[PDB]
Amino acid sequence: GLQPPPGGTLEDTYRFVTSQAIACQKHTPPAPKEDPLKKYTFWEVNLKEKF
Amino acid sequence: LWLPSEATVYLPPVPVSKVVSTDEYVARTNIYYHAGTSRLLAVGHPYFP
Amino acid sequence: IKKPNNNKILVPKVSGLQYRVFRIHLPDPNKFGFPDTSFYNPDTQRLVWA
């Protein structure tokens, strides 16, 4: 599917993430997009550049 | 009967392995890509940490 | 600056307002090798930089 009408610059990405200047950031409301099986643990094996 | 002459004269030096431009040993292709970051933000104090 | 026991300067004077007259010495081109040596006769010619 093509783009939504506001796309915007994806996430501002503040530099210094722990300070008193900025507000609370970094994935405080977690909208899915994650694995649903996150609540059930496994053994992760990372093979991103093993090939 | 043979004798030294001994004067001063400017003679060509040893050759130095020169540096050549990159367009010689690098061939340019036809594929162009784009990359751009979102935006970079920073809030702090202007005088001292 | 100098110390008052002599006249030898300790640190010298330099500021932005001085003229800067550079003298440039050159190597004498009558005394070169020039291995092809065809472009000038060494008797009826002399060489000079430009």
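Residues numbered from 1 in each chain as written, not as in the entry; some residues may be left out. Chains lettered and ligands numbered in written order. Part of a larger assembly, values for the part shown. Heavy atoms only, no water.

(A) Seen up close, the overall build of chain A. When helices and strands are tallied, chain A shows 0 helices and 0 strands. Its C-alpha atoms give chain A a radius of gyration of 17 Å, clearly above 10 Å, the size a compact globule of 51 residues would have. In terms of principal-axis extent, the alpha carbons of chain A reach across some 40 × 35 × 25 Å. Expressed as a percentage of its 51 residues, the buried residues of chain A come to 2%. Accessible surface, chain A as shown: approximately 6000 Å² in total, 59% of it carbon and sulfur. The average position of the 7 basic charges and that of the 6 acidic charges among the side chains of chain A differ by 2 Å. (Helix = DSSP H or I, 4+ residues; strand = E, 2+ residues; numbered from the N terminus. Rg over C-alpha atoms; globule rule 2.2 N^0.38 Å. Buried < 20%, exposed > 50% of the residue type's maximum accessible area, 1.4 Å probe, protein only. Areas by Shrake-Rupley, 256 points an atom, 1.4 Å probe, with all protein chains shown as cover. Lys, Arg positive; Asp, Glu negative; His and termini not counted. Charge placed at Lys NZ, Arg CZ, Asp CG, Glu CD.)

(B) Here's a closer look at the overall build of chain C. Per the secondary structure count, chain C includes 0 helices and 0 strands. Taking the principal axes of its C-alpha atoms as reference, chain C extends roughly 65 × 25 × 20 Å. For chain C, with 50 residues in total, the buried portion stands at 8%. Within the structure as shown, chain C displays about 5300 Å² of accessible surface, and the carbon and sulfur contribution to it stands at 58%.

(C) Structural detail: the interface of chain A and chain B. At the junction of the two partners, chain A supplies 9 residues and chain B supplies 5 residues. Scanning the region where chain A abuts chain B turns up 1 salt bridge. Inspection of the chain A/chain B interface yields 3 residue pairs in polar contact. Residue composition of the side of chain A that touches chain B, by class: 4 nonpolar, 2 polar and 3 charged. (Contact = heavy atoms within 4.5 Å. Salt bridge = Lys/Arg side-chain N within 4 Å of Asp/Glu carboxyl O. Polar contact = N/O pair within 3.5 Å; in protein donor to acceptor, adjacent residues only side chain to side chain. Nonpolar A, V, L, I, M, F, W, Y, C, P; charged D, E, K, R; others polar.)

(D) Structural view of the pattern of salt bridges. The tally for this structure, following the rule as stated, stands at 1 salt bridge over all chains. For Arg39 of chain B, the salt bridge is made with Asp12 of chain A, and the minimal N-O distance between the two is 3.9 Å. For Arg39 of chain B, a relative accessible area of 43% translates into the label partly exposed. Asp12 of chain A gets classed as partly exposed once you look at its relative accessible area, which sits at 29%.

(E) Main features of unusual backbone geometry. One non-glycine residue, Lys26 of chain A, lies in the positive phi region at around 60°. Take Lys26 of chain A: its relative accessible area is 64%, and that puts it in the exposed class. Phi at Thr37 of chain C takes a positive value of approximately 45°, unusual for a residue other than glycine.

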